[PDB]
Structures are given as structure tokens and as C-alpha cells.
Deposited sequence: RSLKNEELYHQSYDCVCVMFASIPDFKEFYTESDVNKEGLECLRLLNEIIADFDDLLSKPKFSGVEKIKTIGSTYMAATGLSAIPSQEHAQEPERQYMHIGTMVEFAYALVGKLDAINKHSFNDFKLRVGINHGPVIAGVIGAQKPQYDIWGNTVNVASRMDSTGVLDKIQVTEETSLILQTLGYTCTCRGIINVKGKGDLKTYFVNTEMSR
């Protein structure tokens, strides 16, 4: 069965610099070694879910080297949006530790939005939980048009974050493919 929700906070956090780092050679076993490092990265991110403060976070899937998660699938009334941002900071703490041991400079680029979504499975093969909707499309656009080391949020999302005590900055007005002109913000660290 497919359930409908009203307020869900979706998130996409990419590592743009990976695609370049990945190369297929005989020394690195046709690129297997590069995938071994991603497996370490994605694994470090995953164990944050075991922390008590992140019990409300749901890892949906992993697109490439992009980590997709969402909060509010279990339902200070809007705290779930503020929490997703807290998780964004945590992924940076983890990605930075990976940098310290692999002598790299990988930086995270985040995009968060919120709204109505549709949860459930799809197709005829495997029981894979996924969330759909415009809310999810925009979150992904908030990540693809973002800046490294920044959490880009939509306008509506900016309001809610401010109420919870967060500060924001106006990225400007950019044309998002398919959606038109949206005004976006950048959460202040």
C-alpha cells in the first residue's frame, strides 16, 4: 500500500568531486579500489543513524555517490526539518574524517526541501521503499544547483528554519529545470 504524508523533509547530499577521482586502471583493479573508498564513506554515513539524536532519520537510497534521506516518515512541531539539517552537519563531520585518512579534499553539497510526498513500493520485482512527489524533485534540484560546503534550501523551507532559530542567506533567483524561477537560500553555519 502507498501512504500519503503532508510534511516530509527530503535531503540529497552529493560528493561532486568523486566522479573525477574514480578511474579504471590495472593498479586499482579496474576501479575496484575507488569503490572500496566509497563503501567506507557510505558506511561511515550510515552509522550515524544509530545515534539517539538521529532516530527520526530514514535513509531512502544511495544514488551514485549521493546520499538520499528524509525525516518525518514516522508521524517544536516542525522540529523534523531542523533535525534533517543537523544530519547534514553530521555527514560533513564524517566526510572530513575520511579526508584526514585518505589524504583527500572531498566536500559535501546539500539540498533540502519539504512538503507532501507519497511513500511505498513500486513495480513487480523487489520490495523497495521509495518516496515520490514534487517535494522530492525540488530537493534534488536544490542539490544539483548548489555550492560546495553549503546547505541549499527552498524559500518555504527557509521560513521554518528561521522560526527554529536558524539563519539564512539569499542565493538569488535561479531557473530550475522544469520548475521555472525559484528563490533559494543558504543555511548559515
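Gaps between the deposited sequence and the modelled structure occur at positions 1 to 8, 84 to 94, 209 to 212.
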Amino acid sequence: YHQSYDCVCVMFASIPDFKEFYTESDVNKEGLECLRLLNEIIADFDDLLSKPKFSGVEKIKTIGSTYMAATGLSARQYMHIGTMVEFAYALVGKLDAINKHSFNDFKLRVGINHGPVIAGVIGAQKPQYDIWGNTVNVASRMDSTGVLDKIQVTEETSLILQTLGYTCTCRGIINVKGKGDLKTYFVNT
From here on, numbers count along this sequence of modelled residues.
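Just so we're on the same page, rigid core means the largest C-alpha set that superposes within 1.5 Å between forms.
Greater average departure of CA atoms from the shown form, over structures and residues in 8 other deposited structures of this protein after a core fit, characterises 124 to 132 among 124 to 132 and 28 to 36. Relative to one another, 115 to 123 and 83 to 91 have unequal mean CA B-factors, and 115 to 123 is the one with the higher figure.
The stretch 168 to 176 shows the higher mean C-alpha B-factor when 8 to 16 is compared against 168 to 176 in the entry. Listed residues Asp46, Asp149, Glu30, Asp143 were ranked by CA B-factor as deposited; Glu30 comes out on top. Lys107: CA B factor lies in the lowest third for its chain, per the PDB record. Split the chain's modelled residues into thirds by C-alpha temperature factor. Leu37 is in the lowest one. When the modelled residues of the chain are ordered by C-alpha B-factor, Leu159 sits in the highest third.
Looking at the C-alpha B-factors along this chain, the one for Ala75 belongs to the highest third. Per the PDB record, residue ranking by Cα B-factor puts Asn137 in the lowest third of the chain.
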